[PDB]
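Some notes on the structure that comes next.
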Amino acid sequence: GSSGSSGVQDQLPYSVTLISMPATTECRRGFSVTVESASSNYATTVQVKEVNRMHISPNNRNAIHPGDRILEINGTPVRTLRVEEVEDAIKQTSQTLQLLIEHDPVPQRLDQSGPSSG
């Protein structure tokens, strides 16, 4: 009922994020998204291309960010929401835009050169 994503049981840690902001301040949205369909017509995967902290806000700016992956939009599975659907949702510039970002515990894969010499 409440939650559910091909796995009700509990395994390994995880931190989910949810951002619910009203419209996008008129005009066009503030951030762009990527739609992958592999070799089909519907959606298969969504990724955050660009994101503006000014167009959005210092509140949802922490939750969302460029590089993450949108699991659900407005409270719906993108893995099922046809491309047009995944895009239309964004077009909505007069309604509460909900974005569910997934945050993993694992550390950020950075370089591999610490403080040399001792």
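Each chain in the structure tokens gets a letter, A, B and so on, in the order shown; residues start at 1 in every chain, and ligands are counted from 1 in the order they appear.
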Residues of range 21-42 of chain A within 12 Å of range 81-84 of chain A: nearest atom pair and distance (Å, one decimal) for each, counting only C-alpha atoms, sorted by chain and number, as a tab-separated table?
residue	atom	partner	partner_atom	distance
A:33	CA	A:83	CA	11.3
A:34	CA	A:83	CA	9.9
A:35	CA	A:83	CA	6.7
A:36	CA	A:83	CA	8.1
A:37	CA	A:83	CA	7.6
A:38	CA	A:83	CA	11.4
A:40	CA	A:83	CA	9.9
A:41	CA	A:83	CA	7.0
A:42	CA	A:82	CA	4.2
Restricting it to N, CA and C atoms, dump the selection as a compact mmCIF listing (two decimals), in the first residue's frame.
# COMPACT_ATOMS: atom_id res chain seq x y z
N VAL A 33 15.33 17.37 -17.84
CA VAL A 33 15.46 15.94 -17.55
C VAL A 33 15.75 15.15 -18.82
N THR A 34 16.30 13.95 -18.64
CA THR A 34 16.63 13.09 -19.77
C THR A 34 15.72 11.86 -19.81
N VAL A 35 15.24 11.53 -21.01
CA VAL A 35 14.37 10.37 -21.18
C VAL A 35 15.02 9.32 -22.07
N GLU A 36 15.23 8.13 -21.51
CA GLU A 36 15.85 7.03 -22.25
C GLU A 36 14.83 5.94 -22.56
N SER A 37 14.76 5.55 -23.83
CA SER A 37 13.83 4.51 -24.26
C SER A 37 14.57 3.34 -24.90
N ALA A 38 15.89 3.39 -24.84
CA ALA A 38 16.72 2.33 -25.41
C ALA A 38 16.41 2.13 -26.89
N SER A 40 12.87 1.49 -27.84
CA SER A 40 11.42 1.43 -27.85
C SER A 40 10.82 2.82 -28.06
N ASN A 41 9.60 3.02 -27.56
CA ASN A 41 8.92 4.31 -27.70
C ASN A 41 8.60 4.90 -26.33
N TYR A 42 8.34 4.02 -25.36
CA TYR A 42 8.02 4.46 -24.01
C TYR A 42 9.29 4.82 -23.23
List every residue of chain A that DSSP, applied to the backbone of this structure, assigns to strand (DSSP E), and report them as a list in words. residues 15, 16, 17, 18, 19, 20, 21, 32, 33, 34, 35, 36, 45, 46, 47, 48, 49, 50, 70, 71, 72, 73, 97, 98, 99, 100, 101, 102 and 103 of chain A
Polymer residues at most 10 Å from residue 80 in chain A, only C-alpha atoms, same-chain spacing of 2 or more positions, as an MDAnalysis selection string: chainID A and resid 42:45 72 76:78 82:83 85:86
Among listed residues A:117, A:51, A:63, A:106, nearest residue 14 in chain A (using only C-alpha atoms):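 Looking at the shortest contact to residue 14 in chain A, the residue is A:106.
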Min atom-atom distance to residue 27 in chain A from the set A:70, A:4, A:94, A:60, counting only C-alpha atoms, belongs to A:94
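Reported to one decimal place, the separation of CA of residue 103 in chain A from CA of residue 30 in chain A is 21.2 Å.
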Members of chain A assigned alpha helix (DSSP H) by DSSP, as number ranges by chain: A: 60-63, 83-91
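Closest to residue 2 in chain A among A:24, A:32, A:75, A:46 is A:75, based on only C-alpha atoms.
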Which residues are close to residue 15 in chain A, i.e. within 9 Å by only C-alpha atoms, leaving aside same-chain residues fewer than 4 positions away? Reply as a PDB file with N, CA, C and O atoms, in the first residue's frame.
ATOM      1  N   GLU A 102      16.483   9.551  -5.532  1.00  0.00           N
ATOM      2  CA  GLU A 102      17.061   8.473  -4.739  1.00  0.00           C
ATOM      3  C   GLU A 102      18.490   8.811  -4.320  1.00  0.00           C
ATOM      4  O   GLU A 102      19.323   9.174  -5.150  1.00  0.00           O
ATOM      5  N   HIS A 103      18.763   8.690  -3.025  1.00  0.00           N
ATOM      6  CA  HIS A 103      20.090   8.984  -2.493  1.00  0.00           C
ATOM      7  C   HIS A 103      20.702   7.745  -1.848  1.00  0.00           C
ATOM      8  O   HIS A 103      20.163   7.204  -0.882  1.00  0.00           O
ATOM      9  N   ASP A 104      21.831   7.299  -2.387  1.00  0.00           N
ATOM     10  CA  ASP A 104      22.518   6.123  -1.865  1.00  0.00           C
ATOM     11  C   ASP A 104      23.553   6.521  -0.817  1.00  0.00           C
ATOM     12  O   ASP A 104      24.117   7.615  -0.849  1.00  0.00           O
ATOM     13  N   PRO A 105      23.811   5.612   0.136  1.00  0.00           N
ATOM     14  CA  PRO A 105      24.779   5.845   1.211  1.00  0.00           C
ATOM     15  C   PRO A 105      26.217   5.863   0.702  1.00  0.00           C
ATOM     16  O   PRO A 105      26.997   6.750   1.048  1.00  0.00           O
TER      17      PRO A 105
END
